[PDB]
Each structure stands twice: as structure tokens, then as C-alpha cells.
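This document starts with one chain, in the form described as "closed state" in its entry title, laid out as C-alpha cells.
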């Protein structure tokens, strides 16, 4: 489907212009980066047995995804300010997020996101387990504090939310419970959530995860498999446009939904204020 569309898109500029014609207006971007220890081994097939957070003269999958999404959404970002958070390292585990800059200061453009990411990475201790509840709750808090301006939260991760050891008997983990609850509660705000999967996975459980999210006033969640798209044997430009479209094609409909439900521009009033930890760096 996005493959069929991308066959006509040679640049991210075209994708940006298409999003605009599709109704997307002022749109803000929040980025959350997975710093769990599994990043050390989920690059076995997709990244030459290197860590997915390996730094070098070629971008790792996190840097690549940030670049494509950032370049595509930049045109809609009026203040160019991107709240950016890490989670899953030893300072946050599955409980918190940390801001890329102290005092929760936002990054100035995706270029600063990328630069600051490279500074932070060598100082982190990767940990776990995996929950997206803190990062989704952080995004909720930012949306509320902005008085309901429309945000897209892009979570880039190398593994699904941690499951129960007794998952075979239908039991949910607290990580699953809180993450699903956060997705549902986030639908009371003008907020879209895109989960970008990098690395080997496994990601075969995501369709089912999506299907099992409880009913919401609008569908505010998308999963996109970066690795599967970028592993196709076609030109770089069209792998990039396919990924951009696969991640963002549904953003303008979702935006329109937040207007129809009168979520846009208002405070919900029921949103706990999550506080980001400082970046755990020198």
C-alpha cells in the first residue's frame, strides 16, 4: 500500500508536500529513544552484529529514522522545537524518561536532536525492561502544557513492550498494562503516536498488539517496521520515501480527527504532569 504510493515519490519534499495537501497544518514533533540493553544484540542481522546505537561515520538505524522523519515533518514545525527523551537506560529503566537537555529544554531542529544524541550515547548504561508508558505519558504532559497543540510522538525502539513470563496463560505485564493504558488515555489529547521498530525484532506480534488496543475515539497509534522497509532491494530514495509515508501517511487523518472531536487547542484537565529526569551525562 505505502509501497504502491512511494513508487511515485522520489523525495521527502514530495512526501511533505503531500501531507500538506492531505490537510496537515501546524504540527509538532516529540521524539523518544529506546536505550535498552537489547540494542546490543538486535542488530545481528539488520546491522552487521553491531549495537544499534553504534556510532561511526555512517548513521545507525536510530539516526537514520530520526533524519527521515525529521526532514519530512520540519515544514510543519513552526517553532522548530523538538522535545526529545531517552528511556530504558539505567537512570530510567521502565519507570521514567530523561530529557536530552537538562531542565527539560527542547532540541532546536532535528539536526540538534541528532547531534545531542551522539553526545549522550557514549555516556549511557543500557538497561531495561521495555515500557512505552513513560514516554507516552511525557508526550501527553507536553501536549497538555502546550494548550492542546497537535503533536506527533515518534518512539524509536528495538523491541516490543516486555511481556509476562506467564503470557501463555493470558497474563499481562505491568509494562503492557501501563503502555496500553497510556495509548488509550493519549487519545483524549490531540496526539498521534508512531512506534518505529528498528533492528531484528521480533516484531511479528505488533499487528496483534494493535488489534488488541481498546476502543478509542480515534485511532491514534501506528507501528512501522523500519528494518523491513529499509531491507528491500530498491533505491535509497524510495526506501526513504516508503518509510516516511508508512510512518506518516495516517497523520493528516488523525489530525483531522482531533479537530472533529474538538480536542485541538484545549486542555484536557485530567493529565498528570510527568517530570523528565536530567540526562545522565557529564
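Here the rigid core means the biggest group of C-alpha atoms that line up within 1.5 Å when the two forms are laid on top of each other. Numbering follows the first chain given and starts at 1.
Missing here is the form described as "open state" in its entry title; even so, the following discussion is about that form.
A.B. asks: 2 Å or more on the CA of residue 272 between the shown form and the other one, with the rigid core superposed, yes or no?
C.D. replies: For residue 272, whose C-alpha is compared between the shown form and the other one after core superposition, the shift is less than 2 Å.
A.B. asks: Using a rigid core superposition, assess whether residue 127 undergoes a CA shift of 2 Å or more between the shown form and the other one.
C.D. replies: No; that C-alpha moves by less than 2 Å between the shown form and the other one.
A.B. asks: Aligning on the core only, does the CA of residue 71 end up 2 angstroms or more away between the shown form and the other one?
C.D. replies: Yes, residue 71 moves 2 Å or more.
A.B. asks: Can you tell whether residue 136 sits closer to or farther from residue 208 in that other deposited form than it does here, judged by CA atoms, where the change is 3 Å or more?
C.D. replies: Residue 136 and residue 208 sit closer together in that other deposited form.
A.B. asks: Would one find the Cα atoms of residue 246 and residue 10 closer or farther in that other deposited form than in this form, where their distance changes by 3 Å or more?
C.D. replies: Pair moves closer in that other deposited form.
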